[PDB]
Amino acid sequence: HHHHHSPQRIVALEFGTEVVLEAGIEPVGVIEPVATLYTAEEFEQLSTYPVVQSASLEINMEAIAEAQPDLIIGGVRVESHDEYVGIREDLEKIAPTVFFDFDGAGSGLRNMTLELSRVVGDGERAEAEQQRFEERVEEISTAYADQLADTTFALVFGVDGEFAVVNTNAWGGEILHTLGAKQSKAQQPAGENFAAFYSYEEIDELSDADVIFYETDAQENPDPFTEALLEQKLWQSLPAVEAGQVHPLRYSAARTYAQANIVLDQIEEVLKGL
């Protein structure tokens, strides 16, 4: 009952989308597609599917009932567990309903979708990806052991009037940490929180950064807020920026091991010019 080991018509609730897409399955119902999570091809594909959940996570039991699923899948944030006990009961009147809980913003997610991939019958590729991730981390950490030892990384995204520096326990900061990379001291105020927030005046916190990553969507596009952060004249004064070492980062969220490796690939490419 651990993550590591030694159906025909699927409704995909939240986090179920990435699982069925990777398995080449077509869902009979899907949570409302958010464009930033998917490639252009994927999004225009996903839009051909009936919406059975809002992006606010509000579920449409009736629309699901019309979809006639034989299996309903999705992940749940562990904090909302008891809440989803009732939801599963309600949903199981339509079809067998498999939920999995996940915790934090790091490995918990890509493990959770590994379990969903097994359930929908795609455990082979999914377990392969997990092993590949673990191998690549080993291989990368020793192949560039020098660069990882003397370079300080930072991951940022922007919000409204402020920006964030991603912590060692979350998204691309988790993956960077798992690799063994050093990360900026802008992280320190985050504590157990996923990011540390700063005003545009506090951009100078990232002066110990030799390399900076900034989150983008699935098509390498920064959101306006992240672009706004890159525009600030105070930003154009950081060591890493006038070194030409500021790079885009796709799939920082890393909802699967397949996605998490794409992060490893981006981290690796930068290490080649380092």
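Numbers follow the displayed sequence, beginning with 1.
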query	finding
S6 to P7: deposited residues without atomic coordinates	10 or more
Stretch with the greater mean C-alpha B-factor as recorded in the entry, comparing 240 to 248 against 59 to 67	59 to 67
Per the entry, higher mean C-alpha B factor between 82 to 90 and 162 to 170	82 to 90
Maximum C-alpha temperature factor, selected from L155, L179, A149, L114	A149
Identity of residue with top Cα B-factor, from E127, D204, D101, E134	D204
Cα B factor band for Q45 (lowest, middle or highest third within the chain)	highest
Ranked against its chain, the third holding the CA B-factor of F225	lowest
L37, C-alpha B-factor rank within chain (lowest, middle or highest third)	lowest
Cα B factor band for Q53 (lowest, middle or highest third within the chain)	middle
